[PDB]
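S.K.: See model.cif below, with mmCIF, N, CA and C atoms.
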```cif
data_input
loop_
_atom_site.label_atom_id
_atom_site.label_comp_id
_atom_site.auth_asym_id
_atom_site.auth_seq_id
_atom_site.Cartn_x
_atom_site.Cartn_y
_atom_site.Cartn_z
N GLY A 1110 127.25 49.52 45.09
CA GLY A 1110 125.87 48.97 45.12
C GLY A 1110 125.79 47.81 46.12
N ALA A 1111 125.89 48.12 47.39
CA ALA A 1111 125.83 47.05 48.43
C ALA A 1111 124.46 47.06 49.12
N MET A 1112 123.98 45.90 49.51
CA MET A 1112 122.65 45.83 50.19
C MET A 1112 122.84 45.51 51.68
N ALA A 1113 122.04 46.11 52.53
CA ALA A 1113 122.17 45.85 54.00
C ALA A 1113 121.04 44.93 54.48
N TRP A 1114 121.36 44.01 55.35
CA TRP A 1114 120.31 43.08 55.89
C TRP A 1114 120.16 43.27 57.40
N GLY A 1115 118.97 43.11 57.91
CA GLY A 1115 118.75 43.25 59.38
C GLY A 1115 118.94 41.89 60.06
N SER A 1116 119.65 41.87 61.16
CA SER A 1116 119.91 40.57 61.86
C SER A 1116 119.42 40.64 63.31
N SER A 1117 118.98 39.53 63.85
CA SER A 1117 118.51 39.51 65.27
C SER A 1117 119.70 39.68 66.22
N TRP A 1118 119.66 40.68 67.07
CA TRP A 1118 120.73 40.85 68.09
C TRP A 1118 120.10 41.05 69.47
N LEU A 1119 120.60 40.36 70.47
CA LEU A 1119 120.12 40.59 71.87
C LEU A 1119 121.30 40.88 72.79
N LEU A 1120 121.18 41.90 73.61
CA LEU A 1120 122.24 42.18 74.62
C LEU A 1120 121.67 42.01 76.03
N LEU A 1121 122.26 41.15 76.82
CA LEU A 1121 121.79 40.98 78.23
C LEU A 1121 122.76 41.69 79.17
N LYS A 1122 122.25 42.34 80.18
CA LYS A 1122 123.11 43.24 81.01
C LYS A 1122 122.82 43.09 82.50
N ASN A 1123 123.62 43.74 83.32
CA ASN A 1123 123.49 43.67 84.82
C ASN A 1123 123.89 42.28 85.30
N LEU A 1124 125.01 41.81 84.82
CA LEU A 1124 125.63 40.57 85.36
C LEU A 1124 126.76 40.95 86.32
N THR A 1125 126.89 40.25 87.42
CA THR A 1125 127.93 40.63 88.43
C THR A 1125 129.32 40.25 87.92
N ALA A 1126 130.33 40.96 88.34
CA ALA A 1126 131.73 40.60 87.94
C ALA A 1126 132.07 39.17 88.38
N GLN A 1127 131.35 38.63 89.33
CA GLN A 1127 131.64 37.25 89.82
C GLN A 1127 130.94 36.18 88.96
N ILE A 1128 130.45 36.53 87.78
CA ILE A 1128 129.79 35.50 86.93
C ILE A 1128 130.86 34.63 86.25
N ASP A 1129 130.81 33.34 86.46
CA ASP A 1129 131.15 32.38 85.38
C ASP A 1129 129.87 32.04 84.63
N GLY A 1130 129.76 32.35 83.36
CA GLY A 1130 128.46 32.10 82.66
C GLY A 1130 128.64 31.12 81.49
N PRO A 1131 128.93 29.88 81.82
CA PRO A 1131 128.66 28.77 80.88
C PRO A 1131 127.20 28.34 81.03
N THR A 1132 126.74 28.19 82.25
CA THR A 1132 125.28 27.94 82.48
C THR A 1132 124.46 29.11 81.94
N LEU A 1133 124.96 30.32 82.08
CA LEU A 1133 124.22 31.50 81.54
C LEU A 1133 124.12 31.39 80.02
N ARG A 1134 125.22 31.12 79.37
CA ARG A 1134 125.20 30.95 77.88
C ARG A 1134 124.28 29.79 77.48
N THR A 1135 124.37 28.67 78.16
CA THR A 1135 123.53 27.49 77.79
C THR A 1135 122.05 27.84 77.93
N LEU A 1136 121.69 28.57 78.96
CA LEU A 1136 120.26 28.99 79.13
C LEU A 1136 119.79 29.80 77.92
N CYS A 1137 120.61 30.71 77.44
CA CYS A 1137 120.21 31.52 76.25
C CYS A 1137 119.99 30.61 75.04
N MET A 1138 120.84 29.63 74.86
CA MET A 1138 120.68 28.69 73.71
C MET A 1138 119.35 27.94 73.81
N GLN A 1139 118.97 27.55 75.00
CA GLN A 1139 117.67 26.82 75.18
C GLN A 1139 116.50 27.71 74.77
N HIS A 1140 116.56 28.97 75.12
CA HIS A 1140 115.46 29.91 74.74
C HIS A 1140 115.40 30.09 73.22
N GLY A 1141 116.54 30.22 72.58
CA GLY A 1141 116.57 30.39 71.10
C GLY A 1141 117.87 29.80 70.53
N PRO A 1142 117.86 29.46 69.25
CA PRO A 1142 119.08 28.91 68.61
C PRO A 1142 120.22 29.93 68.68
N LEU A 1143 121.42 29.49 68.94
CA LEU A 1143 122.56 30.44 69.10
C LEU A 1143 123.58 30.25 67.96
N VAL A 1144 123.78 31.27 67.17
CA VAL A 1144 124.87 31.23 66.14
C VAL A 1144 126.22 31.53 66.81
N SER A 1145 126.26 32.55 67.64
CA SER A 1145 127.53 32.92 68.33
C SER A 1145 127.22 33.68 69.62
N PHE A 1146 128.02 33.48 70.65
CA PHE A 1146 127.78 34.21 71.94
C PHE A 1146 129.12 34.60 72.58
N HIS A 1147 129.22 35.81 73.07
CA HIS A 1147 130.41 36.20 73.89
C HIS A 1147 129.95 36.83 75.21
N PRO A 1148 130.02 36.09 76.29
CA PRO A 1148 129.62 36.63 77.61
C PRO A 1148 130.82 37.25 78.33
N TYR A 1149 130.67 38.46 78.82
CA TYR A 1149 131.72 39.03 79.73
C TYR A 1149 131.17 39.11 81.16
N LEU A 1150 131.88 38.53 82.10
CA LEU A 1150 131.52 38.73 83.54
C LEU A 1150 131.97 40.10 84.05
N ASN A 1151 133.18 40.50 83.72
CA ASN A 1151 133.78 41.70 84.39
C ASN A 1151 132.95 42.95 84.11
N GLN A 1152 132.66 43.21 82.86
CA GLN A 1152 131.81 44.39 82.51
C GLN A 1152 130.35 44.16 82.93
N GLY A 1153 129.96 42.92 83.13
CA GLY A 1153 128.54 42.62 83.51
C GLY A 1153 127.65 42.71 82.27
N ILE A 1154 128.19 42.39 81.12
CA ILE A 1154 127.38 42.39 79.87
C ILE A 1154 127.62 41.10 79.07
N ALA A 1155 126.64 40.67 78.32
CA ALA A 1155 126.85 39.53 77.37
C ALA A 1155 126.13 39.80 76.05
N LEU A 1156 126.79 39.58 74.94
CA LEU A 1156 126.16 39.85 73.61
C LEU A 1156 125.98 38.54 72.84
N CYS A 1157 124.81 38.32 72.28
CA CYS A 1157 124.55 37.03 71.57
C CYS A 1157 123.69 37.26 70.32
N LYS A 1158 123.87 36.44 69.31
CA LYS A 1158 123.10 36.61 68.05
C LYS A 1158 122.10 35.46 67.87
N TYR A 1159 120.92 35.76 67.37
CA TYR A 1159 119.90 34.69 67.15
C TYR A 1159 119.72 34.43 65.65
N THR A 1160 119.14 33.30 65.30
CA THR A 1160 119.00 32.94 63.86
C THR A 1160 117.95 33.81 63.16
N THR A 1161 116.83 34.06 63.81
CA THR A 1161 115.72 34.80 63.12
C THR A 1161 115.23 35.98 63.97
N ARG A 1162 114.66 36.98 63.33
CA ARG A 1162 114.20 38.20 64.07
C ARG A 1162 113.17 37.83 65.15
N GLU A 1163 112.25 36.95 64.83
CA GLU A 1163 111.13 36.66 65.78
C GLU A 1163 111.67 35.97 67.04
N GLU A 1164 112.57 35.03 66.88
CA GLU A 1164 113.15 34.34 68.07
C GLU A 1164 113.91 35.35 68.93
N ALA A 1165 114.59 36.28 68.31
CA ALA A 1165 115.33 37.32 69.10
C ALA A 1165 114.36 38.13 69.97
N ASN A 1166 113.27 38.60 69.40
CA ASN A 1166 112.32 39.44 70.19
C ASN A 1166 111.77 38.64 71.37
N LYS A 1167 111.43 37.39 71.15
CA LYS A 1167 110.90 36.54 72.27
C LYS A 1167 111.96 36.40 73.36
N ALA A 1168 113.21 36.21 72.97
CA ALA A 1168 114.29 36.04 73.98
C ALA A 1168 114.40 37.30 74.85
N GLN A 1169 114.30 38.46 74.24
CA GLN A 1169 114.42 39.73 75.02
C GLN A 1169 113.25 39.86 76.01
N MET A 1170 112.06 39.53 75.59
CA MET A 1170 110.87 39.68 76.49
C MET A 1170 111.04 38.81 77.74
N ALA A 1171 111.54 37.61 77.57
CA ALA A 1171 111.73 36.70 78.75
C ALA A 1171 112.91 37.16 79.61
N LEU A 1172 114.01 37.52 79.00
CA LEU A 1172 115.23 37.89 79.78
C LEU A 1172 115.07 39.27 80.43
N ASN A 1173 114.35 40.15 79.79
CA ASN A 1173 114.23 41.55 80.32
C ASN A 1173 113.41 41.57 81.61
N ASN A 1174 113.80 42.38 82.57
CA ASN A 1174 113.01 42.53 83.84
C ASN A 1174 112.86 41.17 84.52
N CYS A 1175 113.86 40.33 84.43
CA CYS A 1175 113.74 38.94 84.97
C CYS A 1175 114.50 38.84 86.29
N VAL A 1176 113.86 38.34 87.32
CA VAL A 1176 114.52 38.30 88.67
C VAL A 1176 114.89 36.86 89.03
N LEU A 1177 116.12 36.66 89.44
CA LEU A 1177 116.54 35.34 89.98
C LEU A 1177 117.04 35.53 91.41
N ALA A 1178 117.20 34.46 92.16
CA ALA A 1178 117.59 34.58 93.60
C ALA A 1178 118.79 35.52 93.79
N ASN A 1179 118.53 36.69 94.34
CA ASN A 1179 119.59 37.67 94.77
C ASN A 1179 120.25 38.38 93.56
N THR A 1180 119.76 38.17 92.36
CA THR A 1180 120.35 38.87 91.17
C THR A 1180 119.25 39.31 90.20
N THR A 1181 119.50 40.35 89.44
CA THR A 1181 118.48 40.82 88.45
C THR A 1181 119.08 40.81 87.04
N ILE A 1182 118.33 40.31 86.08
CA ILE A 1182 118.84 40.29 84.67
C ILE A 1182 118.00 41.22 83.80
N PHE A 1183 118.64 42.08 83.05
CA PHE A 1183 117.90 43.02 82.16
C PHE A 1183 118.23 42.73 80.69
N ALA A 1184 117.32 43.05 79.80
CA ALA A 1184 117.58 42.80 78.35
C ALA A 1184 117.34 44.07 77.53
N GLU A 1185 118.21 44.35 76.60
CA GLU A 1185 118.04 45.55 75.72
C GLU A 1185 118.37 45.20 74.27
N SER A 1186 117.94 46.01 73.34
CA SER A 1186 118.25 45.75 71.90
C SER A 1186 119.15 46.87 71.34
N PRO A 1187 120.46 46.69 71.44
CA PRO A 1187 121.39 47.73 70.94
C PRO A 1187 121.23 47.92 69.42
N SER A 1188 121.53 49.09 68.93
CA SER A 1188 121.46 49.34 67.46
C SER A 1188 122.56 48.55 66.74
N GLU A 1189 122.38 48.28 65.47
CA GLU A 1189 123.44 47.56 64.69
C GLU A 1189 124.76 48.34 64.76
N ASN A 1190 124.67 49.65 64.74
CA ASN A 1190 125.87 50.49 65.01
C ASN A 1190 126.38 50.23 66.43
N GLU A 1191 125.48 50.10 67.38
CA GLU A 1191 125.92 49.83 68.79
C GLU A 1191 126.54 48.43 68.88
N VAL A 1192 126.04 47.49 68.11
CA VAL A 1192 126.64 46.12 68.12
C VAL A 1192 128.10 46.20 67.64
N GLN A 1193 128.35 46.96 66.60
CA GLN A 1193 129.76 47.11 66.11
C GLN A 1193 130.63 47.72 67.20
N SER A 1194 130.11 48.69 67.92
CA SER A 1194 130.91 49.34 69.01
C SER A 1194 131.31 48.30 70.06
N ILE A 1195 130.41 47.40 70.39
CA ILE A 1195 130.75 46.32 71.37
C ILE A 1195 131.87 45.44 70.82
N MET A 1196 131.77 45.05 69.57
CA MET A 1196 132.84 44.19 68.95
C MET A 1196 134.19 44.89 69.02
N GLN A 1197 134.19 46.20 68.89
CA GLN A 1197 135.47 46.97 68.97
C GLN A 1197 135.71 47.45 70.40
N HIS A 1198 136.86 47.14 70.96
CA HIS A 1198 137.17 47.58 72.35
C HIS A 1198 137.70 49.01 72.36
#
```
Write the structure described by the file as structure tokens, please.
M.R.:
Amino acid sequence: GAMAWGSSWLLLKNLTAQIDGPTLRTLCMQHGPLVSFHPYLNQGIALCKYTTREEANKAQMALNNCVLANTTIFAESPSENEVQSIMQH
């Protein structure tokens, strides 16, 4: 008799292998509160968790389809099953 809860998850993608993203991680925290974040430069992906569902959706709308000088940032919402796949290598 176990109960399942829905949690806010955001995945940001299309990061170059040449990313050092401490500034990238800090920017995500400013947009929404950050419980935990793991950014990968090499794969060009970063996965982060938000405190509430509404803050997560707002973060995706701003990060998705977002253009910065000479680089493009995309945002997607992986399934909770897809989030587990990322945690497992």
S.K.: Dump as JSON lines the rows for residues of region 1115-1168 of chain A within 5 Å of region 1178-1198 of chain A: closest atom pair and distance in Å with one decimal, only N, CA and C atoms counted, ordered by chain and rising residue number.
M.R.:
```
{"residue": "A:1120", "atom": "C", "partner": "A:1185", "partner_atom": "N", "distance": 4.2}
{"residue": "A:1121", "atom": "CA", "partner": "A:1184", "partner_atom": "CA", "distance": 4.6}
{"residue": "A:1122", "atom": "N", "partner": "A:1183", "partner_atom": "C", "distance": 4.1}
```
S.K.: Translate the PyMOL selection byres ((chain A and resi 1124) around 6) into a concrete residue list for this structure, as a CSV table (one decimal) with N, CA and C atoms, in the coordinates of the input.
M.R.:
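Output (selection.csv):
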```csv
chain,number,residue,atom,x,y,z
A,1122,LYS,N,122.2,42.3,80.2
A,1122,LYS,CA,123.1,43.2,81.0
A,1122,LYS,C,122.8,43.1,82.5
A,1123,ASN,N,123.6,43.7,83.3
A,1123,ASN,CA,123.5,43.7,84.8
A,1123,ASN,C,123.9,42.3,85.3
A,1125,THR,N,126.9,40.2,87.4
A,1125,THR,CA,127.9,40.6,88.4
A,1125,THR,C,129.3,40.2,87.9
A,1126,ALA,N,130.3,41.0,88.3
A,1126,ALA,CA,131.7,40.6,87.9
A,1126,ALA,C,132.1,39.2,88.4
A,1127,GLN,N,131.4,38.6,89.3
A,1127,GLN,CA,131.6,37.2,89.8
A,1127,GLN,C,130.9,36.2,89.0
A,1128,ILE,N,130.4,36.5,87.8
A,1128,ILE,CA,129.8,35.5,86.9
A,1128,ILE,C,130.9,34.6,86.2
A,1150,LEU,N,131.9,38.5,82.1
A,1150,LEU,CA,131.5,38.7,83.5
A,1150,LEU,C,132.0,40.1,84.0
A,1152,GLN,N,132.7,43.2,82.9
A,1152,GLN,CA,131.8,44.4,82.5
A,1152,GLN,C,130.4,44.2,82.9
A,1153,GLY,N,130.0,42.9,83.1
A,1153,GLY,CA,128.5,42.6,83.5
A,1153,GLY,C,127.6,42.7,82.3
A,1154,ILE,N,128.2,42.4,81.1
A,1154,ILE,CA,127.4,42.4,79.9
A,1154,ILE,C,127.6,41.1,79.1
```
S.K.: When DSSP works through the backbone of this structure, what residues of chain A end up as helix (DSSP H, G or I), shown as a list in words?
M.R.: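 The helix (DSSP H, G or I) residues within chain A come out as residues 1131, 1132, 1133, 1134, 1135, 1136, 1137, 1138, 1139, 1140, 1162, 1163, 1164, 1165, 1166, 1167, 1168, 1169, 1170, 1171, 1172, 1189, 1190, 1191, 1192, 1193, 1194, 1195 and 1196 of chain A.
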S.K.: When distances are computed from all atoms listed in the file, which of A:1131, A:1112, A:1147, A:1118 shows the smallest separation from residue 1165 (chain A)?
M.R.: A:1118
S.K.: Can you list, as a list in words, every protein, DNA or RNA residue that comes within 12 Å of residue 1136 (chain A) when you count only C-alpha atoms, leaving out same-chain residues fewer than 4 positions away?
M.R.: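 Returned residues: residues 1130, 1131, 1132, 1140, 1141, 1142, 1143, 1146, 1157, 1168, 1171 and 1172 of chain A.
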S.K.: Give me, as a ChimeraX atom specification, the residues of region 1132-1194 of chain A that a backbone DSSP run labels strand (DSSP E or B).
M.R.: /A:1143-1149,1154-1159,1175-1177,1180-1185
S.K.: Restrict the output to region 1141-1179 of chain A and N, CA and C atoms, then write it as a PDB file, in the first residue's frame.
M.R.:
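selection_34.pdb, freshly written:
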```
ATOM      1  N   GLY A1141      14.268  29.802 -10.053  1.00  0.00           N
ATOM      2  CA  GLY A1141      13.408  29.052  -9.087  1.00  0.00           C
ATOM      3  C   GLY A1141      14.282  28.454  -7.970  1.00  0.00           C
ATOM      4  N   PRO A1142      13.681  28.166  -6.828  1.00  0.00           N
ATOM      5  CA  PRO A1142      14.450  27.547  -5.715  1.00  0.00           C
ATOM      6  C   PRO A1142      15.013  26.192  -6.150  1.00  0.00           C
ATOM      7  N   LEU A1143      16.228  25.891  -5.759  1.00  0.00           N
ATOM      8  CA  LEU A1143      16.872  24.620  -6.207  1.00  0.00           C
ATOM      9  C   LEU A1143      17.083  23.674  -5.021  1.00  0.00           C
ATOM     10  N   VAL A1144      16.458  22.521  -5.055  1.00  0.00           N
ATOM     11  CA  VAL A1144      16.737  21.478  -4.022  1.00  0.00           C
ATOM     12  C   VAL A1144      18.038  20.741  -4.372  1.00  0.00           C
ATOM     13  N   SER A1145      18.188  20.356  -5.615  1.00  0.00           N
ATOM     14  CA  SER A1145      19.421  19.628  -6.045  1.00  0.00           C
ATOM     15  C   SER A1145      19.648  19.821  -7.549  1.00  0.00           C
ATOM     16  N   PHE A1146      20.888  19.911  -7.970  1.00  0.00           N
ATOM     17  CA  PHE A1146      21.183  20.084  -9.425  1.00  0.00           C
ATOM     18  C   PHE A1146      22.429  19.283  -9.819  1.00  0.00           C
ATOM     19  N   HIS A1147      22.377  18.593 -10.931  1.00  0.00           N
ATOM     20  CA  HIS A1147      23.607  17.951 -11.483  1.00  0.00           C
ATOM     21  C   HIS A1147      23.770  18.335 -12.966  1.00  0.00           C
ATOM     22  N   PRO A1148      24.679  19.251 -13.250  1.00  0.00           N
ATOM     23  CA  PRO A1148      24.918  19.660 -14.648  1.00  0.00           C
ATOM     24  C   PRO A1148      26.026  18.813 -15.279  1.00  0.00           C
ATOM     25  N   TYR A1149      25.787  18.277 -16.453  1.00  0.00           N
ATOM     26  CA  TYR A1149      26.894  17.636 -17.223  1.00  0.00           C
ATOM     27  C   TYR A1149      27.245  18.496 -18.440  1.00  0.00           C
ATOM     28  N   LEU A1150      28.496  18.862 -18.582  1.00  0.00           N
ATOM     29  CA  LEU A1150      28.950  19.538 -19.839  1.00  0.00           C
ATOM     30  C   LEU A1150      29.121  18.529 -20.982  1.00  0.00           C
ATOM     31  N   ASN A1151      29.726  17.396 -20.710  1.00  0.00           N
ATOM     32  CA  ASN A1151      30.164  16.488 -21.823  1.00  0.00           C
ATOM     33  C   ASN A1151      28.958  16.010 -22.631  1.00  0.00           C
ATOM     34  N   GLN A1152      27.960  15.490 -21.964  1.00  0.00           N
ATOM     35  CA  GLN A1152      26.724  15.040 -22.677  1.00  0.00           C
ATOM     36  C   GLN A1152      25.919  16.246 -23.187  1.00  0.00           C
ATOM     37  N   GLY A1153      26.140  17.415 -22.626  1.00  0.00           N
ATOM     38  CA  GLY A1153      25.368  18.620 -23.053  1.00  0.00           C
ATOM     39  C   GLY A1153      23.972  18.580 -22.430  1.00  0.00           C
ATOM     40  N   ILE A1154      23.857  18.004 -21.258  1.00  0.00           N
ATOM     41  CA  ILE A1154      22.543  17.968 -20.549  1.00  0.00           C
ATOM     42  C   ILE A1154      22.711  18.383 -19.084  1.00  0.00           C
ATOM     43  N   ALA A1155      21.690  18.948 -18.498  1.00  0.00           N
ATOM     44  CA  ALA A1155      21.708  19.219 -17.027  1.00  0.00           C
ATOM     45  C   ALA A1155      20.334  18.917 -16.419  1.00  0.00           C
ATOM     46  N   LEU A1156      20.303  18.221 -15.309  1.00  0.00           N
ATOM     47  CA  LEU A1156      18.996  17.860 -14.675  1.00  0.00           C
ATOM     48  C   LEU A1156      18.865  18.556 -13.319  1.00  0.00           C
ATOM     49  N   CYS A1157      17.734  19.168 -13.053  1.00  0.00           N
ATOM     50  CA  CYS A1157      17.569  19.918 -11.769  1.00  0.00           C
ATOM     51  C   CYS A1157      16.144  19.759 -11.225  1.00  0.00           C
ATOM     52  N   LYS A1158      15.997  19.800  -9.924  1.00  0.00           N
ATOM     53  CA  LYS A1158      14.650  19.619  -9.301  1.00  0.00           C
ATOM     54  C   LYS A1158      14.172  20.932  -8.671  1.00  0.00           C
ATOM     55  N   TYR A1159      12.900  21.226  -8.791  1.00  0.00           N
ATOM     56  CA  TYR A1159      12.345  22.480  -8.193  1.00  0.00           C
ATOM     57  C   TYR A1159      11.470  22.149  -6.980  1.00  0.00           C
ATOM     58  N   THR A1160      11.207  23.125  -6.145  1.00  0.00           N
ATOM     59  CA  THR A1160      10.426  22.863  -4.894  1.00  0.00           C
ATOM     60  C   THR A1160       8.945  22.603  -5.208  1.00  0.00           C
ATOM     61  N   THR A1161       8.365  23.361  -6.113  1.00  0.00           N
ATOM     62  CA  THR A1161       6.890  23.236  -6.365  1.00  0.00           C
ATOM     63  C   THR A1161       6.596  23.062  -7.860  1.00  0.00           C
ATOM     64  N   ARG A1162       5.476  22.456  -8.175  1.00  0.00           N
ATOM     65  CA  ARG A1162       5.126  22.198  -9.610  1.00  0.00           C
ATOM     66  C   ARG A1162       5.056  23.509 -10.400  1.00  0.00           C
ATOM     67  N   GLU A1163       4.466  24.531  -9.828  1.00  0.00           N
ATOM     68  CA  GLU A1163       4.235  25.793 -10.602  1.00  0.00           C
ATOM     69  C   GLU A1163       5.566  26.468 -10.935  1.00  0.00           C
ATOM     70  N   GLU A1164       6.478  26.509  -9.994  1.00  0.00           N
ATOM     71  CA  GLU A1164       7.813  27.127 -10.269  1.00  0.00           C
ATOM     72  C   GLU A1164       8.535  26.339 -11.363  1.00  0.00           C
ATOM     73  N   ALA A1165       8.399  25.034 -11.354  1.00  0.00           N
ATOM     74  CA  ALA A1165       9.057  24.202 -12.412  1.00  0.00           C
ATOM     75  C   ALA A1165       8.531  24.582 -13.799  1.00  0.00           C
ATOM     76  N   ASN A1166       7.230  24.676 -13.954  1.00  0.00           N
ATOM     77  CA  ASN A1166       6.657  24.993 -15.302  1.00  0.00           C
ATOM     78  C   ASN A1166       7.154  26.359 -15.775  1.00  0.00           C
ATOM     79  N   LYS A1167       7.184  27.325 -14.891  1.00  0.00           N
ATOM     80  CA  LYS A1167       7.682  28.685 -15.278  1.00  0.00           C
ATOM     81  C   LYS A1167       9.143  28.601 -15.717  1.00  0.00           C
ATOM     82  N   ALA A1168       9.938  27.828 -15.016  1.00  0.00           N
ATOM     83  CA  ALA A1168      11.386  27.719 -15.374  1.00  0.00           C
ATOM     84  C   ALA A1168      11.531  27.146 -16.783  1.00  0.00           C
ATOM     85  N   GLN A1169      10.736  26.157 -17.116  1.00  0.00           N
ATOM     86  CA  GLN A1169      10.835  25.536 -18.475  1.00  0.00           C
ATOM     87  C   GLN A1169      10.447  26.547 -19.558  1.00  0.00           C
ATOM     88  N   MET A1170       9.409  27.316 -19.330  1.00  0.00           N
ATOM     89  CA  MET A1170       8.950  28.290 -20.373  1.00  0.00           C
ATOM     90  C   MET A1170      10.057  29.303 -20.674  1.00  0.00           C
ATOM     91  N   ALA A1171      10.746  29.761 -19.656  1.00  0.00           N
ATOM     92  CA  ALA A1171      11.841  30.762 -19.874  1.00  0.00           C
ATOM     93  C   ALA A1171      13.067  30.099 -20.511  1.00  0.00           C
ATOM     94  N   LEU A1172      13.450  28.940 -20.031  1.00  0.00           N
ATOM     95  CA  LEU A1172      14.698  28.282 -20.536  1.00  0.00           C
ATOM     96  C   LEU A1172      14.477  27.694 -21.933  1.00  0.00           C
ATOM     97  N   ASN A1173      13.278  27.252 -22.219  1.00  0.00           N
ATOM     98  CA  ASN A1173      13.011  26.580 -23.532  1.00  0.00           C
ATOM     99  C   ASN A1173      13.095  27.591 -24.678  1.00  0.00           C
ATOM    100  N   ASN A1174      13.656  27.190 -25.801  1.00  0.00           N
ATOM    101  CA  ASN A1174      13.705  28.086 -27.006  1.00  0.00           C
ATOM    102  C   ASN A1174      14.413  29.398 -26.662  1.00  0.00           C
ATOM    103  N   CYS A1175      15.409  29.334 -25.813  1.00  0.00           N
ATOM    104  CA  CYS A1175      16.077  30.583 -25.337  1.00  0.00           C
ATOM    105  C   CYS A1175      17.421  30.750 -26.044  1.00  0.00           C
ATOM    106  N   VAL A1176      17.666  31.900 -26.622  1.00  0.00           N
ATOM    107  CA  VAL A1176      18.924  32.091 -27.409  1.00  0.00           C
ATOM    108  C   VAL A1176      19.891  33.006 -26.654  1.00  0.00           C
ATOM    109  N   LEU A1177      21.119  32.578 -26.521  1.00  0.00           N
ATOM    110  CA  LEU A1177      22.178  33.463 -25.956  1.00  0.00           C
ATOM    111  C   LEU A1177      23.288  33.623 -26.992  1.00  0.00           C
ATOM    112  N   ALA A1178      24.176  34.575 -26.804  1.00  0.00           N
ATOM    113  CA  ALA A1178      25.239  34.856 -27.832  1.00  0.00           C
ATOM    114  C   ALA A1178      25.946  33.564 -28.284  1.00  0.00           C
ATOM    115  N   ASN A1179      25.661  33.143 -29.500  1.00  0.00           N
ATOM    116  CA  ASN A1179      26.387  32.014 -30.191  1.00  0.00           C
ATOM    117  C   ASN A1179      25.987  30.635 -29.613  1.00  0.00           C
TER     118      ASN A1179
END
```
